[PDB]
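Just the one chain here, the form deposited in one PDB entry, laid out as structure tokens.
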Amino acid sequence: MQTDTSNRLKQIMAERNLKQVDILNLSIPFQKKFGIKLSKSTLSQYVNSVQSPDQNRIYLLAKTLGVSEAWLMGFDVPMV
């Protein structure tokens, strides 16, 4: 596709003034809620586009940031 998960995370970091450390912080309550872990290292791998998130982390980050899963995956759809 045209857009990556990497691109979307970067779009959110810029538009919402969040660094990776902030996003990771926001996710922790949801990590415990869902019982699904996201480490700092793995998050940077998503941002730098070295790794693409599995469907577990797509859901996690999407609920954390309040965006749609499809959007977060890079698809050309509405954000909310």
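One-based numbering along the sequence shown.
Sort the chain's modelled residues by C-alpha temperature factor and residue 57 lands in the middle third, per the entry.
The deposited CA B-factor of residue 10 belongs to the middle third of values across its chain. Annotation for residue 39: C-alpha temperature factor in the highest third relative to the rest of the modelled chain, per the entry. In this PDB entry, residue 19 carries a Cα temperature factor that places it within the highest third of its chain's modelled residues. In the PDB entry, residue 27 places in the lowest third of its chain by CA B-factor.
The following text describes the form deposited with a partner chain bound, which does not appear among the structures shown.
By the criterion of a heavy atom within 4.5 Å, residue 58 is counted among the residues contacting the partner chain in the deposited bound form. Using a 4.5 Å cutoff between non-hydrogen atoms, residue 52 counts as a contact of the partner chain in the deposited bound form. Proximity of residue 69 to the partner chain in the deposited bound form: non-hydrogen atoms within 4.5 Å are present.
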